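Consider the single chain below, provided in structure tokens and representing the form deposited in one PDB entry.
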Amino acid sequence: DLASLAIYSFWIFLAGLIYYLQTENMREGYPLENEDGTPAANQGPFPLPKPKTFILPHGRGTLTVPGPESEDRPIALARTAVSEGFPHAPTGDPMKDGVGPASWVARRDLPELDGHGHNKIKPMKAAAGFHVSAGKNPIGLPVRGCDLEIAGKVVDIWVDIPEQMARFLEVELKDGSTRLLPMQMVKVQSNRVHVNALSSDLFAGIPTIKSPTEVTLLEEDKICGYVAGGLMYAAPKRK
């Protein structure tokens, strides 16, 4: 009868759908590797999908996925065991080397652009006429680390022009240079900005930007990575 045919057709449809969905979610990170970086024998049940090509706007070329995958950076890690499936110990400073929760990806060393081809993120001093509209204005507040030492002061907000939101605080250090801090890793309080991830002495180590009025996707990753990694790696100095 009709209902049995409908329900049976449906399960065949759903099985094709799940196949399609599984292979669509293999377009990044395949093929699988052994810990030594050689291709793994067992790639799983589904095969790699046929490549697809994104045409990036503003003349920035094309991406093809799946496509050739390399880290394009050295990984300062060593095996802790003689068999598959154990942790890899940092061989240096994991904060400096960009491993574990301090990891960054070699994204394009260009800034993300808005729909008009202008830099997406600018310091508020260069964005007419962006202002703080609500909440405490953090500009001028001292910045405290998790060791409860003062590390610097806020000298600007870097705003997303098209989405109208704060993304980074620009912080002046004791030596007069600045760093970006991600907005999602600070507590704006009435009389200070508190940073749990970093102790005062790790602020100088935040990766710097090559130009002072723009930040690139690569720089965002190095900065965000470094600050997140402090949760694990600066735990000795947190109170």
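Residues that one form lacks are left out of the comparison. Heads up, when I say rigid core I mean the largest set of C-alphas that superpose within 1.5 Å between the two forms. All residue numbers are counted from 1 along the displayed sequence.
Stretches 65-73 and 210-218 differ in mean CA B factor, with 65-73 having the higher one. Averaged over Cα atoms, the B-factor as recorded in the entry is higher for 141-149 than for the other of 141-149 and 97-105.
Sort the modelled residues of the chain by CA B factor and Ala15 lands in the middle third. Looking at the C-alpha B-factors along this chain, the one for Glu84 belongs to the highest third. Ranked by C-alpha B-factor against the other modelled residues of its chain, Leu180 falls in the lowest third.
When the modelled residues of the chain are ordered by C-alpha B-factor, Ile161 sits in the middle third. In the deposited entry, the Cα temperature factor of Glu28 places it in the lowest third of its chain's modelled residues.
What comes next is about the form deposited in another entry, which does not appear here.
Comparing the two forms between this form and the one not shown on the rigid core, the single residue of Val65, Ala204, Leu48, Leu32 with a CA shift of 2 Å or greater is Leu32. Fitting the two forms on the rigid core leaves the C-alpha of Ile12 displaced by under 2 angstroms between this form and the one not shown.
In that other deposited form, the CA atoms of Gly44 and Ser103 move farther apart by at least 3 angstroms compared with the shown structure. Legend note: Cα of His88 to Cα of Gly29 is at least 3 Å farther in that other deposited form than in the depicted form.
After superposition on the rigid core, stretches of three or more consecutive residues whose Cα atoms move by at least 2 Å between this form and the one not shown are found at 20-44, 235-238.
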